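# Observations on chain architecture
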Amino acid sequence: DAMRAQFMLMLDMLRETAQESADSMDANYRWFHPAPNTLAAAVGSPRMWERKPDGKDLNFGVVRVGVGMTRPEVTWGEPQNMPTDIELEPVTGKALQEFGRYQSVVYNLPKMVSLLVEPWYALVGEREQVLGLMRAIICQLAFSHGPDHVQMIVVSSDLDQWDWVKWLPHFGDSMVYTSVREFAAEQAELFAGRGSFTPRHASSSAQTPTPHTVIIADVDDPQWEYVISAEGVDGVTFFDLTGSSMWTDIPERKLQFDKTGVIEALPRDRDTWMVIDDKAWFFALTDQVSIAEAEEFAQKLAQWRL
Amino acid sequence: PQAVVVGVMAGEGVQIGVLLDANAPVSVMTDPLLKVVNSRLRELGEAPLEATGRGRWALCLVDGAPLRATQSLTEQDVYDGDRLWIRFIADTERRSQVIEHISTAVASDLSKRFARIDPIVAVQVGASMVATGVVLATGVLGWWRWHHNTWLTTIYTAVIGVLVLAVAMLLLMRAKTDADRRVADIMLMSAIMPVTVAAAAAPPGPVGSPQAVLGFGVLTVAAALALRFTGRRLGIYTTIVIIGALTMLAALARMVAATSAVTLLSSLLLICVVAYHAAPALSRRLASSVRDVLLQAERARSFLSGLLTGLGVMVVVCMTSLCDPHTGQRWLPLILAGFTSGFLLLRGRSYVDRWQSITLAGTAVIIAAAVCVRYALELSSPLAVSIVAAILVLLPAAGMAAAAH
Amino acid sequence: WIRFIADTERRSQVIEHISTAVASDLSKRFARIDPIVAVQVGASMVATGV
Amino acid sequence: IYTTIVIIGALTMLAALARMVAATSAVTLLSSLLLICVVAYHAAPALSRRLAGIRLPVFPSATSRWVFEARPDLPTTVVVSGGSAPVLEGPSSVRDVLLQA
Amino acid sequence: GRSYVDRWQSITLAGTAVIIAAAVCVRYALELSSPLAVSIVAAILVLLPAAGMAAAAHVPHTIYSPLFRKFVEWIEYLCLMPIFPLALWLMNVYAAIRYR
Amino acid sequence: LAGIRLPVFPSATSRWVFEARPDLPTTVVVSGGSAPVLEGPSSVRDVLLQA
Amino acid sequence: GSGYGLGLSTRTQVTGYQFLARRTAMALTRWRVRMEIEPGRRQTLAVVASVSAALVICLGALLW
């Protein structure tokens, strides 16, 4: 019993060491990716449009979509000289077993998505959920990335839902379209000229051109096959709000919404964003903003210029 | 009705009168509203309102509750002339914490929400136990005087009274903090009982009216003296003085000459009836510029609460002693008790204080219940108890139903 | 806002100072009785009667 | 408050019952209740633990090997009427201990 | 009482110990009435709780030697060991067996 | 009777801390020597008087 | 699986369970688990000693 009592105490000190490192990660991640409802009050602070493409900023092209599980910055070493399964003491065994299962993950951290890693992201769910998430994504980008670095385009038939977009500067020009034929004449003539998608990384960010393009698809037009079968273009990223079959045929680019607002997708590595498994699973709990909140934030942002 | 004028409170305390749109939803006004108060503060030369880290700007009632962001100002119960408060509420989001091993998990968690014992509380417990100890000691010594006239009761109680008062003096002078004062007050107040019976037990011969004159007299004197030099615990000491004084008058009259107890009881009841109307005036006369006003307000509030308690105790004792199930017009005191209770039952609404209003309301109910019990113990028979039980349960049920329904 | 300025219009244009931290507290520290409290007292009395 | 009523009730019932069917002496009944209470003070923390539903871990009885990293346990979501936005806070196995204690 | 850290849980244990003494003392006066009993009871009933108030206020600020702290621990065990042998004597069990 | 006390405890149920903040030195004055000067830790001065 | 039913058990497991119970019982009353000294058992053995002493006197009386 004296050995058992000593072993339990040794584990508690490891727990205290683990807990402190996790708190440092919480402090840091919140500082770069706040909750969408808090963004308006920060508009006057120097935190707005802080993101830089010049290689040293590891957060460029990253957008917050919700909260979920993530791996801590700790590295656990395997136990040496392990006793055989037929010889283990039953108390310390379960203690060390449970320790490994729960202390290997930290709950309620902000989950993120990277623009520089995929040609598109198919959003599949009911209209109300999908529009909620998309508006949040636009204002998340708008606060963190400057208009000189990000430009945004919407292709939609339900123009009544995008009326609030009018105030934002990222939608300006020297910009919402009704159909692919219309978009093809004005915008595609410029963008279709060259390239295809190419996954980048932080250090590579210094080489890509400054204006990144975000395209939102809300028309379900079959005419899109030209750019999709060509595997897009570099410097562009598409978000499908309809869930059309041409975009929805790739699991590595599909996000599925549950009735409870939980989103499921394939797991990706925290350090390289590379896909690590072939089966879809829990990914993040959805955050969403109203039309009023979007216009309110957009009006506050419209007051400022370079 | 298209707009309402209201006072908005801002940082560190400036109140600004503004005319707000009565039908737009509240979330539409907080931002430009914040600009206006900042503009006036900036021109006034004061420091403007500012954000801190992660959070949001919210509009709340003076109670602090925020208004629903989507509702119209007229949709909420806000009227012209009301006042509101503009405020910043910080973000509460943080990582979740987990502990696997139920033994350590229960220990850590349980230590946060509940308070452990400490040396500060340890003293107040002991102080309460010593007070309880001596009030028991006086009880047995007093019970002995009721069968024996010897000096033992006064002799032994006198030494206790001296000892308890002696110790209390050192505690009062050595005090430093509110905790130290609480302990001192509990100890001194405990000295009143032994000293009181010590005097009353001295007059030889069987116990009665002659001894009663001394007892309620010294009691009233000690309570008044403590209140003068202490100036704290106003309400309780005030109550002891009143009940002691009125009892001394009755004791002196009965001791000198009294044709009947009914005469004295009737006299006391009339004195109390007129005293209720005088109570607020008495309380009011008994009482950097802000300090004088608040001190005056709380001092005045305390005296009325104590004064009302003293009167309430006397009427129920007098009233229940006057009524009788066998003596003469058995129904006369019963209906008289009813009419007397009605005044107290209705007048309770004239005072804003919760405890003052509750004590008045409670004073009437207890008399009615007490009268029925008296008429149930004596003149005992199935009809008497059967009627009293039904009355006692229906009585308050009707009162609450009329108010809640 | 677009508004109708009637000839009768007058505006206060005056401000006053009091510590906001004390005003909010004094709103609940002591005041008149409430119906919920009256109900609780009523419940206690009938319970005492039975 | 309700737990107090059950103990004084149950213990008094047994004393009253024995007095009825066997007419045992007062000195025997009062002294026996004292001895029952002296042991009850030692069992109190153990009785209290099981009444509250605290559950000690079950042992694997040596018919399986230890797995260091199975896929972590799924977090749970919560909802509130006023604070209408749903939130998540942890695994069911851990979230309940804060109420059992 | 030492083993319970929660405020009200520990007070109820100390309170139970004191009330037994007070209740047994009073019982000896309202019966077997006489000057010794009523005088002695009046003394115990006031001195006993007073001694506690002093110890309650004085103990927390002093330092005690480990040989003494180790001694109060053993007072508890010396108090439990006699309960059962005494209760069975009060119940008259030994005589009932010896005269079987 | 002189008040010497001997502390003995299991290191507060904790490991040692070599970098703990040293005790604040006490300031002293004299009627004639009105200019104050500090002499040292309060804990150590008592020993010179207790002895 | 899951330990349901009434399967047999090893003496190593019996003390194992009994240790986790003592540690948890201490947490409910002392709110800590360092347990430099274990008063839970010491107080229990004193009761067991009293019960045993009482039975010894009965054997003496029975033998008499």
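This deposited entry lists cryo-EM as its structure determination method and 4.03 Å as its resolution.

## A closer look at the sheet that holds strand 1 (residues 15–17) of chain C
What the 5 strands build is an open sheet, ordered 3(B)-4(B)-1(B)-2(B)-1(C); its pairing is mixed. Two strands close off the open sheet at either side, each with one partner strand: strand 3 (55–61) of chain B together with strand 1 of chain C. Strand-to-strand, the axes of this sheet are offset by a mean angle of 35°, without reference to chain direction. Docked against the sheet, helix 1 (residues 30–44) of chain B engages strand 1 (3–9), strand 2 (14–21), strand 3 and strand 4 (83–90) of chain B together with strand 1 of chain C, running at close to 145° with respect to strand 2 of chain B.

## What about the packing of aromatic side chains?
Counting across every chain of the model gives 15 aromatic pairs over all chains. Between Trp120(A) and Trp247(A), the ring centres sit 5.5 Å apart and the planes meet at 85°, which makes this aromatic pair edge-to-face. Exposure remark for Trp247(A): the relative accessible area of 2% places this residue in the buried category. Aromatic rings pair up to connect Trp120(A), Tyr177(A), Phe183(A), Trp224(A), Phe238(A) and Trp247(A) into one cluster. Of note, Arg228(B) hangs over the ring of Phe229(B), and the distance from its end group to the ring centre comes to 6.0 Å. When the ring centre of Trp16(F) is taken as origin, the NZ or CZ atom of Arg15(F), which lies over that ring, is 4.7 Å away.

## A look at the sheet that holds strand 1 (residues 62–70) of chain A
All names here are of chain A. The strand order across the open sheet built from 10 strands is 2-1-10-9-8-3-7-6-4-5, with neighbouring strands paired in mixed fashion. In this open sheet, the two edge strands, each paired with only one partner strand, are strand 2 (106–114) and strand 5 (176–177). Two elements, strand 6 (residues 212–218) and strand 7 (residues 236–240), share 5 bridges in a ladder whose sense is parallel. Across the sheet, residue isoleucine 215 finds its bridge partner in strand 7, namely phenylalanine 238. Along the sheet, helix 3 (residues 127–144) contacts strand 1, strand 3 (120–124), strand 4 (150–156), strand 6, strand 7, strand 8 (254–257), strand 9 (262–265) and strand 10 (281–286); its crossing angle with strand 1, the most-contacted strand, is approximately 115°. The strands touched by helix 4 (residues 180–191) within the sheet are strand 4, strand 5 and strand 6, with strand 4 carrying the most contacts at an inclination of about 160°.

## Concerning the interface of chain B and chain C
Note on interface size: it is often stated as the accessible area lost on association of the parts. Contact with chain B, which involves 22 residues of that partner, is made by 22 residues of chain C. Summed over both sides, the interface of chain B with chain C buries roughly 2,100 Å², with 69% coming from carbon and sulfur. For chain B, the biggest contributors to the area lost against chain C are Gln15(B), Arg354(B) and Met400(B); these three give 20% of the whole. Elements supplying a minimum of two residues to the side of chain B that touches chain C: strand 2, helix 12 (354–377) and helix 13 (382–404) of chain B. Tallied by class, the residues present in the side of chain B that touches chain C amount to 14 nonpolar, 4 polar and 4 charged. Relative to strand 1 of chain C, strand 2 of chain B is paired through 3 bridges, and the arrangement is antiparallel. Of the residues in strand 1 of chain C, the one forming a bridge with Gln15(B) is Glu16(C).

Each value, and the rule that gives it
Note on numbering: positions run from 1 along each chain as its sequence is written and may not match the entry's numbering; residues without coordinates are not listed. Here every chain gets a letter starting at A, and every ligand a number starting at 1, in the order they are written. Part of a larger assembly is shown here, and the values speak for that part only. Heavy atoms throughout the structure, all of them, feed into the side-chain values; hydrogens and water do not. Any two strands are treated as partners once DSSP identifies two or more bridges connecting them. Elements are defined by DSSP. Helices are runs of H or I of four residues or more, strands are runs of E of two residues or more, and each kind is numbered from the N terminus. Interaxial angles span 0 to 180 degrees and are taken between N-to-C directions of axes, which are lines fitted to C-alpha atoms, for helices over the stretch in contact. For this analysis, residues touch if any pair of their heavy atoms sits within 4.5 Å. Think of it this way: a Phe, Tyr or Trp ring, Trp meaning its six-membered ring, pairs with another when their centres are within 6.5 Å, and the plane angle makes it stacked under 30 degrees, edge-to-face over 60, tilted otherwise. Exposure is judged per residue with a 1.4 Å probe applied to protein chains only, and the accessible area is read against the type maximum: over 50% gives exposed, under 20% gives buried, and values in between give partly exposed. Geometrically, a charge over a ring is one whose NZ (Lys) or CZ (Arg) sits within 6 Å of the ring centre while staying within 35 degrees of the ring normal. Two parts placed together each lose some accessible area under a 1.4 Å probe, and adding up what both lose gives the buried area. Each residue receives one of three labels: charged for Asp, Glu, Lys and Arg, nonpolar for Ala, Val, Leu, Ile, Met, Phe, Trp, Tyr, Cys and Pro, and polar for the others, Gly being one of them.

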